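Encoded as structure tokens, the following chain is the form deposited in one PDB entry, with no partner shown.
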């Protein structure tokens, strides 16, 4: 299934590049931005649009063109992600992503990658218009993408407000605060977004149904960012494909929050003295305080308990949607 999704990408780059004449060099650059930046991940968020589309729509309405609209809106979720990651990797001062150097760390790109990210966002709406203009769900999708863009930028704002360069923020790191950040920066666009899109494509616009689906899916995304945080420090970088910067970027990590509520006063000071600084030996002290506190073990328990809780929420809130929508998702993330 991921094979057929990735092959559809060559067509979306054809249509996105078919505007060629005076703007020839800019189209080319956009091509190059698309290939470097949308390709290379797992495609879970975009495939999710398509998988749930097939589960929610009557197979007698799965026209070859309605299927193509589904492939395209899935790619739109991947361009959103790609827009946010490019910018995010500047702001976080990250080195690699998806096994290559962050695009803006490329000789000859640098801060021009701010335009480039902006262009990736613009492509969403060019795609929606080319494919979904005359569909009844056109405006609902535009509005969903825009709203999930806003929520994600609110989350980024808190993410950064909470993590100033060169400033001990330890007291700012609460669970309350952690949950607010990940709710907005991650849960909306990675989980609620692609399910909600498929739903509007299937003519399920009921407000209580999106709410119920959102109840489940926001908690899934909350787990997924907890996982992202854990793996920033403890993930095999030949697997994750990205070098981690949380500690040096002085971030409100699940890890630090959990550390802070188990640390002795002496341990608090090790963190105070060592967190949020670019010196490897400083980063190493924190990682070792985390390992001494048995945080990989705590993560593993939390992963078990969150899973049980998410499945209980599917029991409560999935109907009248097929549970398989939410269960295939949970399979993929846990």
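In this text, rigid core is short for the largest set of C-alphas that superpose within 1.5 Å between two forms. Numbering follows the first chain given and starts at 1.
- Going from residue 20 to residue 21, you skip over 1 to 3 residues of the deposited sequence that the entry leaves unmodelled.
- Relative to one another, 283 to 291 and 262 to 270 have unequal mean CA B-factors, and 262 to 270 is the one with the higher figure.
- Stretches 323 to 331 and 2 to 10 differ in mean CA B factor, with 2 to 10 having the higher one.
- Highest C-alpha temperature factor among 57, 51, 27, 38 per the entry: 38.
- The entry lists C-alpha B-factors for 105, 100, 149, 156, and the highest of these is at 100.
- In the PDB entry, residue 42 places in the highest third of its chain by CA B-factor.
- Among all modelled residues in its chain, residue 110 ranks in the lowest third by Cα B-factor.
- In this PDB entry, the Cα temperature factor of residue 191 sits in the top third of its chain's modelled residues, the highest group.
- Compared with the other modelled residues of the chain, the Cα B-factor recorded for residue 244 ranks in the middle third.
- When all modelled residues of the chain are sorted by CA temperature factor, residue 308 is found within the lowest third.
Omitted here: the form solved in complex with a small molecule. The next part is about that form.
- Of the residues 29, 282, 45, 69, just one reaches the small molecule in the bound PDB entry with a heavy atom at 4.5 Å or closer; this is 45.
- In summary, the region of this chain contacting the small molecule in the bound PDB entry, judged by heavy atoms within 4.5 Å and restricted to 122 to 130, 166 to 174, 221 to 229, 257 to 265, corresponds to 221 to 229.
- Considering 147, 156, 245, 180, one residue stands apart with a C-alpha shift of at least 2 Å between the shown form and the other one following superposition on the core, and it is 245.
- In the core-superposed comparison between the shown form and the other one, the C-alpha atom of residue 104 has shifted by less than 2 angstroms.
- Remark: with the core as the superposition reference, the CA shift of residue 229 between the shown form and the other one reaches 2 Å or more.
- For residue 281, a C-alpha deviation of 2 angstroms or more is recorded between the shown form and the other one after rigid-core alignment.
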